[PDB]
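Notes for the one structure printed next.
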Amino acid sequence: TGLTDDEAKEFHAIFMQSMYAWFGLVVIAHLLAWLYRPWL
Amino acid sequence: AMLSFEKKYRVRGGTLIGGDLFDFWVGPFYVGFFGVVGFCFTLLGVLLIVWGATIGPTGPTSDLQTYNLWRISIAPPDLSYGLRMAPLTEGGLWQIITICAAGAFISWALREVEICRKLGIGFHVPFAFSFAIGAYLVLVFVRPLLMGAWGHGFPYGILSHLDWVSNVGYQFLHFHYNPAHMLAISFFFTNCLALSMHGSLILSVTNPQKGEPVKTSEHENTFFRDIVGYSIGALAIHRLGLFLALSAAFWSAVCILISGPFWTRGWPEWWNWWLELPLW
Amino acid sequence: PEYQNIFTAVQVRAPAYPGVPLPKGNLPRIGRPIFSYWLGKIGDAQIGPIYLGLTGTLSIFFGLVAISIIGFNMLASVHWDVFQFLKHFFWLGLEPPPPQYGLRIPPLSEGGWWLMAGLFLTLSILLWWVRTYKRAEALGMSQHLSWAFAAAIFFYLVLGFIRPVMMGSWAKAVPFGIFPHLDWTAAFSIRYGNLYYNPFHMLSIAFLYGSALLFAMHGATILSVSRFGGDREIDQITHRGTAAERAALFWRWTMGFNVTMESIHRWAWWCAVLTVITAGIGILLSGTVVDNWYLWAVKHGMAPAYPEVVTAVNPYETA
Amino acid sequence: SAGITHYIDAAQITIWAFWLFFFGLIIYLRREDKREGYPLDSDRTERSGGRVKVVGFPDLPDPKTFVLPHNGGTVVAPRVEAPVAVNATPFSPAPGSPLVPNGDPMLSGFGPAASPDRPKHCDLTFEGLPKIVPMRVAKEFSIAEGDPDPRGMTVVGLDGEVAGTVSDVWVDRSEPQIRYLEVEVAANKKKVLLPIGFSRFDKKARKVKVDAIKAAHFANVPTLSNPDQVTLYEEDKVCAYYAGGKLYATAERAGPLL
Amino acid sequence: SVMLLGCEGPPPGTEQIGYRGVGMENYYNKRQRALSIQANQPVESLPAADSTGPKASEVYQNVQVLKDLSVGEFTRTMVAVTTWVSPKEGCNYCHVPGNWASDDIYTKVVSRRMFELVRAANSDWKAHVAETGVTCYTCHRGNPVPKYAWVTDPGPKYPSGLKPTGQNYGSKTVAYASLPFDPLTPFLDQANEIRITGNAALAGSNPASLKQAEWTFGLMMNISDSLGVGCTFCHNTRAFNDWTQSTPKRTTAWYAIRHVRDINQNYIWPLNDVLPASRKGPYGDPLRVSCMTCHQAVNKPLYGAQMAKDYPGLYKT
Amino acid sequence: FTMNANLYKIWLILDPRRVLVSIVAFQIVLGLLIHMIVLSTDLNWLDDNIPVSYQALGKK
Amino acid sequence: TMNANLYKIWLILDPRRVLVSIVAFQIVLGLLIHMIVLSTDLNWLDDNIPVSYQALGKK
Amino acid sequence: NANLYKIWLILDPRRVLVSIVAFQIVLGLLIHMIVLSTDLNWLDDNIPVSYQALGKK
Ligand code: BCL
Ligand code: BCL
Ligand code: BCL
Ligand SMILES: CC[C@H]1c2cc3[nH]c4c(c3C)C(=O)[C@H](C(=O)OC)c4c3nc(cc4[nH]c(cc(n2)[C@@H]1C)c(C(C)=O)c4C)[C@@H](C)[C@@H]3CCC(=O)OC/C=C(\C)CCC[C@H](C)CCC[C@H](C)CCCC(C)C
Ligand SMILES: CC[C@H]1c2cc3[nH]c4c(c3C)C(=O)[C@H](C(=O)OC)c4c3nc(cc4[nH]c(cc(n2)[C@@H]1C)c(C(C)=O)c4C)[C@@H](C)[C@@H]3CCC(=O)OC/C=C(\C)CCC[C@H](C)CCC[C@H](C)CCCC(C)C
Ligand SMILES: CC(C)=CCC/C(C)=C/CC/C(C)=C/CC/C(C)=C/CC/C(C)=C/CC/C(C)=C/CC/C(C)=C/CC/C(C)=C/CC1=C(C)C(=O)c2ccccc2C1=O
Ligand SMILES: COC(C)(C)C/C=C/C(C)=C/C=C/C(C)=C/C=C/C(C)=C/C=C\C=C(C)\C=C\C=C(C)\C=C\C=C(C)\C=C\CC(C)(C)OC
Ligand code: HEM
Ligand code: HEM
Ligand code: HEM
Ligand code: HEM
Ligand SMILES: [Ca+2]
Ligand SMILES: [Ca+2]
Ligand SMILES: [Ca+2]
Ligand SMILES: [Fe+3]
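Residue numbers (the entry's author numbering), protein chains in the order written: chain AT, 7 to 46; chain AL, 2 to 281; chain AM, 2 to 320; chain AH, 2 to 259; chain AC, 17 to 333; chain AU, 2 to 61; chain AS, 3 to 61; chain AQ, 5 to 61.
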């Protein structure tokens, strides 16, 4: 809390793009290792 | 003699079970109805024991009999004479001493009380001391009884009394796993930590940095509110203390009252009830 | 029948006091201090906030690492099966390197994690002593904790860097688990004579006692005369009063001599420090010095002598 | 070790070490022990011990300089002190004999209810305002959410019969702990500070019994100079009174039971 | 994970092993010492022997262990060597339906050896086994397979190929404690040194890894447990090594810890071949012999009752 | 949610902050708890079966 | 999908708690991986190749 | 990289800073170890030659 609707939606947006920043950098991470050393 | 300000507290009386007779001082000690008795036992011990030092193992002649604190020790009677007066030479004497020492701590203990009264103070002191007193009974009385043997207690050896534990301790192999001994130990530790803090802090506020004011609680109550985050408080420390210690004792007390008359297997085992839990 | 200061009967509260502000360098304190009626029914019910500098974090970090090792490797043991991890908890642990790599970096397996984790409970522990002297005087406070902390931290190193590494043995250094650690002390007593004979232990004891004794007295004493602001020692140290009047007097007409609302707090800080001091002493001698303290003892005329109702035989001689 | 000289090695040296510096530091303390209250007063008896030195084996230490807080004089120790009065008569001339509290002991200000004359300046908080104050100025406070508010609890003599009631419970800016309770007595219609330390709570009947002094004694209770704050001097002053009650409030108490 | 007060009501046992007031003492719960006896009871021997007759190597096609025995006496043996062993399965347990000279049964093969075991023992290690000697009832106590054997403990599960330490666990093997949890195999089976006390006060002698005495412990634990007596019993604690200080019992245990070396590294071990899997261990092995195997938490299996004395064919001739 | 439609009410007695945050943790832990309890005995793809060759075969 | 109605999230949940809690979780969790994995067969440090440059060079 | 700047308006930069510095100090002290312990103990074991083995002897 501590905020209104305005400042709220703005955060959420940028905050997302930053999260997909991870998933992508980590998924691409996994994949690179997946190719090298296959787990399972 | 008297302290700079003691001269003004030595009221008259305040005694417990009588004592308005010997209700006076000597040097800086109040006598009363207990400072008197305790003394008796003291010499009829501190010296009665000397006889022992004299006598020794075999006899006062045996090359075994010595006069080195490190070795001198009065040994309790054989488990033979169960709950009966043993021959001083064979055991009784030991009992005798122990007989005394009991009162000498029961007197001085009470004497403390009369005092606590005179100086119109709180009695936390004696009450505390009692535990410590007790732990000495439930470790040469409460136990040996539930073992039918007086000689089944411990010795009075400068270091000799050490082994007495060494054995009775191993009598359960890894005594260490005794649930009590664990906690009771833990306390005798925690105490030796908080103490190493309070007595430290204080001596770090009343005598702080160079060219600095005798700091106030407004620091103390934050000193740890910073390092560790929270501060038990000031009044508190003088609580947690007695707590820890007055517990540690009473604990250990349990610790060896149950070891034997309440448990015969090696402690390590006791710890089994755990394992066998219908779960893991 | 007088309210014996047991648990602060009726309590009261006022806003969160974030302590005296700090100079130029001491980062902002942190936390939104809380209250707990219960905790508070014993002491300052307020909770926090707490400081966190560099060593503050730096140390804490180096802390929850060894834990995340000595913690991990341990769980691994009972093949990541918590259920038993929960069962064989008090038994589990993480042992040091095998006598081979006496000092060499143990492999990622054989006692490796322990040397790893160890060093991280070697720094963070030493770093936290910094998180004291630092946050200590930056309060305008002298140093007596920082001091003792060493005395203690000394002994800890007498159980590692200074001795285990002093005898070339990534083994001679205590394990890492309640029981096993509970065993190391056991094992030790044996491997070398029987500690009950190394004075510096039979010594370090009397202390662990005294503290168990004194801070146990003065804790009461204070209380006894806590009505007369005894608890307020602070000032009593400066401006005396009936507190230190009634108190010390007690011990005066008791054990004779006595001292001051100041002095005591001294012996306090002392017995304490003079404990871990004597601790690490014996533990340091015992190893690279005397090998059997029992022999030592008697060889010095120390160890006692009793009769002999039982004795045995010796295969290595008759056979 | 008791005989003389036997074995000879290294470690046994060190045991001598510590067990030497100990007997040194032991003295250090001794001295530091003596700061206040020294030297002794009378000759009712001599120094009990091995070596009966003039006044304590460890030569009294030197003056210590206590730099008090802002707006505060400076204290030192040792620091010669001006002899006090002894409102009492020795039951016996014998050294070590007790001193009877002439007149009314309850206030005769002796032993069971004696006290020193601490500075007559209310001990303040961190910045300035005085620590111990009544809940009057202590308006920024609040009873512990839960604990039954003592404001309105009728005090009750150790004799049982009522003895006034309460008012403001003197809190503190340093530690949210109650240290005193205003007791608007019954006969005096005045205000007598109640030392919580001596106040036993009875949250069941709104009462607050104090087995320290009879209901009446609340009249002889040292009166507070100012009601909005109390100085160290009196901080000891109010207390010491009730204290006496412990050995005065009844002929019984003081005298032995068996 | 909680504080406790003894779960046994007093008063307990009371053996004064040492001088009046010195240490070594022994405490036991009567309420158990009881059952444990009323349960660890010996089965009365067979009626008198024949004394008559020739031998058995004579009349019987093949009888090597009991050749000197008169038919009758010899038969007593078979009967005994049945009730002591598998009186559930009958004679056929060690024999083939009819043809009794057959050695087509691994049970017999070994049974044979078990004989060379007992006797050899009963006569050559009488210093440990003394006059009570041992029978089949001992380890087999009315059971074909001794409930008290011991295959080298594998240890607790392995974390992805990674769990070398063999100390931390807690296993009845050691009265319960984080210890080797298998001091046996490297001791009772093999024969790793057991001493660790430094011979001289100062250093420059015993370079034994603490870890080494760390193992002796476990062992010692087990031992102490097997018989069921605190280390006080054989030791003078402060003097775990000073024999001159120990008690008779000690030495009397010394050998034992070798008669077993024997029994395992000489008998129960070899016979692994004829032994199926169901008696083999994971690391591939033969349920050897712990002190517990016989003792079963007692000082003289069946508390001194001497069954073996009533059987002449159970002593090396 | 045939019945869990009239639940709307709950929120006032169940603080949002208390219920939201606290449950996101119970999950954050159990997450590991399961994977650990299962990873422990059931099957261990990590050291259960191939690919586990490179470790032994690929090593020396 | 989720994002549009998920900005309202920060309307009850403080930005600091999420920013602080997540870092702590991602790293400790990240660590408990290579970690629990490293000790697993697919170890990479001392397990297999490249060619035993240690075994070769050493001796 | 564009929008990443706004983070400084809610979190104390000094905090994250000292937070990061302590994080990279242990890790590095960790890694060099977590590796030097297993992967390749480049310090003692393979090179350059054994001045101690072939020398001391
Ligand atoms: C066999 C070796 C075993 C072992 C066997 C035992 C045995 C056996 C016992 C203990 C007991 C105790 N052990 Mg252990 N213990 C071991 C290892 C440890 C370790 C350790 C770090 O390794 C620790 C910390 C402890 C800690 C403890 C304490 C919890 C406990 C109580 C001590 C005590 O203060 O009684 C407090 C005692 C008193 C207050 C009485 C003395 C004071 C009297 C009243 C006054 C004397 C006045 C004098 C005569 C007058 C002259 C004036 C002079 C100036 C003094 N043990 C090993 C594993 N332990 C004991 C226990 O549990 O007791 C309850 C006990 O019996
Ligand atoms: C068992 C054999 C399989 C396997 C089978 C499974 C199965 C079956 C499941 C998983 C699941 C998971 N497994 Mg898996 N898994 C395997 C191997 C792995 C390996 C590995 C290195 O080998 C890893 C790293 C993982 C990792 C994971 C996680 C991604 C996932 C959920 C974890 C969790 O509890 O968080 C928990 C939750 C929370 C912290 C919060 C709740 C979530 C909510 C909706 C949104 C948060 C809202 C919040 C209030 C808003 C603020 C935002 C921020 C918090 C600030 N698995 C093997 C191959 N795994 C689970 C899964 O992923 O389901 C989809 C699952 O069911
Ligand atoms: C196991 C087999 C492979 C391998 C496979 C993988 C795989 C697969 C992955 C990694 C990943 C990582 N590996 Mg690896 N790795 C191997 C061997 C190694 C070795 C080694 C010495 O041998 C090392 C040191 C590492 C080290 C690392 C880390 C650098 C990295 C992240 C872990 C993490 O928890 O992030 C957790 C994250 C955080 C705590 C931070 C939060 C992230 C957000 C987006 C940023 C915060 C925003 C904030 C508000 C802004 C302020 C900025 C600053 C904080 C001031 N690997 C072997 C060879 N490794 C992971 C990775 O790098 O993905 C990209 C990954 O997915
Ligand atoms: C948790 C409680 C701790 C504690 C508390 C405690 N001790 C106390 C007190 C308190 C509160 C006191 O008030 C009292 C005190 O000092 O009052 C001024 C005291 C005290 N604690 C003392 C000792 C002591 N406390 C110990 C421990 C503890 N005391 C605990 C740690 C220990 C040990 C070994 O750990 C000892 C040795 C005394 C100095 C003093 C009580 C003095 C007293 O009453 O003495 C009476 C008797 C004599 C002076 C003469 C002795 C003559 C006897 C006939 C001989 C007895 C022989 C003895 C049994 C053999 C000893 C040989 C051993 C080496 C085997
Ligand atoms: C005679 C000296 C006595 C003594 C003195 C002493 N101890 C001291 C000091 C002193 C003077 C300090 O100044 C220091 C202290 O408290 O400073 C504030 C301290 C201290 N004594 C301590 C412990 C301690 N002292 C002991 C003993 C003693 N200390 C002696 C009796 C003992 C024992 C063995 O009895 C212990 C266990 C610590 C409380 C503290 C030193 C703390 C320290 O160095 O911490 C470094 C940092 C960390 C360990 C990081 C912690 C990580 C997180 C904050 C916690 C997260 C949870 C945790 C990982 C649990 C696992 C959960 C998982 C699921 C994640
Ligand atoms: C051959 C030969 C020599 C033979 C010997 C023959 C002999 C001598 C025979 C005689 C035997 C006899 C009768 C011996 C008894 C003699 C007597 C009476 C000895 C005194 C007994 C006694 C209990 C002495 C004290 C024991 C000691 C030193 C215990 C140490 C424990 C310890 C550290 C105590 C601390 C003491 C202190 C400093 C107390 C003061 C003190 C404390 C504790 C506060 O808490 C406090 C709180 C607030 C304000 C002030 C104070 C304060 O001043
Ligand atoms: C899987 O784990 C999860 C994720 C579930 C988290 C849980 C973790 C848990 C529950 C962890 C629990 C840990 C416990 C219970 C630990 C208990 C530890 C105990 C009881 C320890 C007791 C004693 C320890 C001692 C004495 C340690 C001493 C260590 C020393 C002396 C280390 C010294 C290191 C040095 C000197 C390093 C020097 C650097 C080098 C080696 C390079 O110098 C050559
Ligand atoms: C009560 C039923 C049993 C009977 C009637 C019986 C009978 C016999 C007979 C007649 C022989 C000698 C045969 C020969 O080789 O010529 C013999 C030998 C033998 N029996 Fe049995 N037996 C019985 C039970 C057992 C059991 C239960 C065992 C198992 C341990 C056993 C073990 C042996 C052995 C080892 C020999 C060889 C003797 C030696 O080498 O000294 N028998 N038995
Ligand atoms: C002289 C009397 C004894 C006889 C006749 C006897 C007979 C046998 C037989 C027939 C077996 C194999 C059972 C099967 O699996 O089919 C066996 C196994 C065994 N015996 Fe004995 N035994 C005797 C005494 C003992 C004693 C005194 C011990 C104890 C130290 C002992 C220890 C064992 C062990 C450890 C096994 C292996 C367990 C198995 O594979 O079943 N035996 N014995
Ligand atoms: C569980 C408690 C026990 C512990 C901690 C223990 C510990 C030890 C230690 C450390 C040694 C080696 C001393 C040296 O030479 O350096 C030892 C030897 C010995 N112990 Fe024990 N012991 C225990 C119980 C027993 C019991 C109950 C017996 C008796 C049956 C026993 C019999 C022996 C014997 C005969 C030796 C010397 C021969 C040898 O094993 O190498 N011990 N013990
Ligand atoms: C290493 C493990 C073993 C140790 C340390 C050990 C130790 C001892 C000791 C010290 C005694 C004498 C007790 C006393 O004097 O009252 C004893 C007696 C005895 N042991 Fe063992 N033993 C072990 C293994 C065995 C085994 C494997 C057997 C079984 C075949 C066995 C059978 C017996 C018997 C029957 C007695 C009683 C003798 C008598 O009544 O005097 N022991 N043992
Ligand atoms: Ca270990
Ligand atoms: Ca796989
Ligand atoms: Ca290298
Ligand atoms: Fe204090």
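C-beta: ideal position from N, C-alpha, C; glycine also.
Please confirm whether residue i has its beta-carbon closer than 9 Å to some beta-carbon of chain AS.
i        : result
AQ:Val22 : no
Where does the unbroken beta strand (DSSP E) through residue i begin, and where does it stop?
i         : result
AH:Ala78  : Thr75 to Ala78
AH:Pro196 : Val193 to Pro196
Using a Cβ cut-off of 9 Å (strictly closer), state whether residue i contacts chain AU.
i         : result
AM:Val83  : yes
AC:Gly177 : yes
AS:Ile29  : no
Would DSSP call residue i helix, strand or coil?
i         : result
AC:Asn288 : helix
AH:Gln178 : strand
AL:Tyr157 : strand
AS:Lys10  : helix
AH:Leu69  : coil
AL:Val47  : helix
Pull up the CB-CB distance for residue i and residue j, whole angstroms please, since I reckon it's below 8 Å.
i         : j         : result
AC:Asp66  : AC:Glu31  : Contact flag wrong, Cβ pair sits at about 44 Å.
AH:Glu141 : AH:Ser168 : With a Cβ gap of about 18 Å, AH:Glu141 and AH:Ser168 do not count as contacting.
AH:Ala250 : AH:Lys215 : 5 Å
Less than 9 Å between CB atoms is the rule here; does residue i satisfy it with respect to chain AQ?
i        : result
AS:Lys10 : no
AS:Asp48 : yes
Please decide whether residue i counts as near chain AT, where near means a Cβ-Cβ distance under 9 Å.
i        : result
AS:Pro17 : yes
So with Cβ pairs under 9 Å, would you call residue i a contact of chain AH?
i         : result
AM:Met168 : no
_Whole alpha helix (DSSP H) elements within the region 21-106 of chain AM, 4-residue minimum_ = 55-71, 73-78 and 83-88
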